[PDB]
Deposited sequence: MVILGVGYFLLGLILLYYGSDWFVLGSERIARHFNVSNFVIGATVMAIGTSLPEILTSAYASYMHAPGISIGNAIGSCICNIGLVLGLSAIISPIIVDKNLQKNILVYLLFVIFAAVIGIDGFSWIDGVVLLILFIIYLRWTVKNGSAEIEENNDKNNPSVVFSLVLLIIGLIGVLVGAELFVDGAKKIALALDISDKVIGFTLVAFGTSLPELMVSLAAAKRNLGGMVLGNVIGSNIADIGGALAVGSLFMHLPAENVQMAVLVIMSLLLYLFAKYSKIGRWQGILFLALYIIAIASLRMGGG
């Protein structure tokens, strides 16, 4: 039963590795097909695709009367996407943000500040509906401003969509196998710890973002990286958190929200007045490390 766990674990890593690169390549081609920037494709198709685990997890957790896990997973993913995912990626491929993308990031920041303020007393189903509506508006606004609309079944298109979809299946299945594999290893060795397992929920669901962002960074696709991070956070709030709140009132996470707000503000300030490169990435990593060293365990 331990060899099966090791099997899943290694296999999940393989799928994650190759799948992420396929997803990126297919997404980069699709962007060129539709005449939209890499940021746009990153913030929409990629962000949502990779946030499907958060959405499902938050929904499932709140339905099972564990709303703390529901919001813990959602906001923890956001902190992970900036501190760990963007941190690593910025070091690998530093980014200077153009003026139009700076505007997108400011909208993101406002969205996050708005979510923090209405969530001070926790999140109701009404808070959820509002956030989901802003999420949809964000998506349409983003696509419009990053689109140059001008124009059977071209082999370039097909191969693009195949890469993208198979890549996405690869990263999502791979993330699942990684986690399921780890869990059966821990169970087999009798080192299973539930509160540890619930602490790592936002991470396991963030493995697609991590591997996808790293693959894009290796190909110097900085805008795509930034799109994936910014979009995943909005999807995690207007999607994962929001849907959670539909089943049950979510408890406040004011400390984690303050952390997210601070990291999000830092991200905008770097984008606007500087760059997102080596030392910005180092700072994001240091803050992430401080966060996981100090924040209360249990995943909510």
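In sequence order, the one gap in C-alpha coverage of the deposited chain falls at 152 to 155.
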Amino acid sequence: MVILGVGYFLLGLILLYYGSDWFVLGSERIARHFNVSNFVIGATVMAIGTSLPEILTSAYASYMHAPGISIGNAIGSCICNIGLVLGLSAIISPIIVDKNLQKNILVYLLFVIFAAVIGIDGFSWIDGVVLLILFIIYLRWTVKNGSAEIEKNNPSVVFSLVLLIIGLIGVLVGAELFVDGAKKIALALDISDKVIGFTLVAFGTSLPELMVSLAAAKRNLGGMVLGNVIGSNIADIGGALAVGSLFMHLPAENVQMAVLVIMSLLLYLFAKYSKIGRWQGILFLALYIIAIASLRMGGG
From here on, numbers count along this sequence of modelled residues.
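Here, rigid core means the biggest group of C-alpha atoms that superpose within 1.5 Å across both forms.
In terms of root mean square C-alpha deviation after superposing on the rigid core in 9 other deposited structures of this protein, the stretch standing farther out between 200 to 208 and 136 to 144 is 200 to 208. Averaged as a root mean square over residues and superposed structures in 9 other deposited structures of this protein, CA distances to the shown form are larger in 190 to 198; the pair compared was 158 to 166 and 190 to 198 with a core fit. Of the other compared PDB entries of this protein that include residues on both sides, at least a third leave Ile150 without atoms.
For the pair 5 to 13 and 19 to 27, the record assigns the higher mean C-alpha temperature factor to 5 to 13. Between 60 to 68 and 229 to 237, the higher mean Cα B-factor belongs to 60 to 68. Going by the entry's values, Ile185 shows the largest Cα B-factor out of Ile113, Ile185, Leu207, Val143. By the numbers in the PDB entry, the CA B factor is greatest at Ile150 among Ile150, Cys78, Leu106, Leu139. Per the deposited record, the Cα B-factor of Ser124 falls in the middle third when ranked against the other modelled residues of its chain. In the deposited entry, the Cα temperature factor of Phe270 sits in the bottom third of values across the chain's modelled residues. In this PDB entry, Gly181 carries a Cα temperature factor that places it within the highest third of its chain's modelled residues. When the modelled residues of the chain are ordered by their C-alpha B factor, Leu161 lands in the highest third. In the deposited entry, the Cα temperature factor of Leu250 places it in the middle third of its chain's modelled residues.
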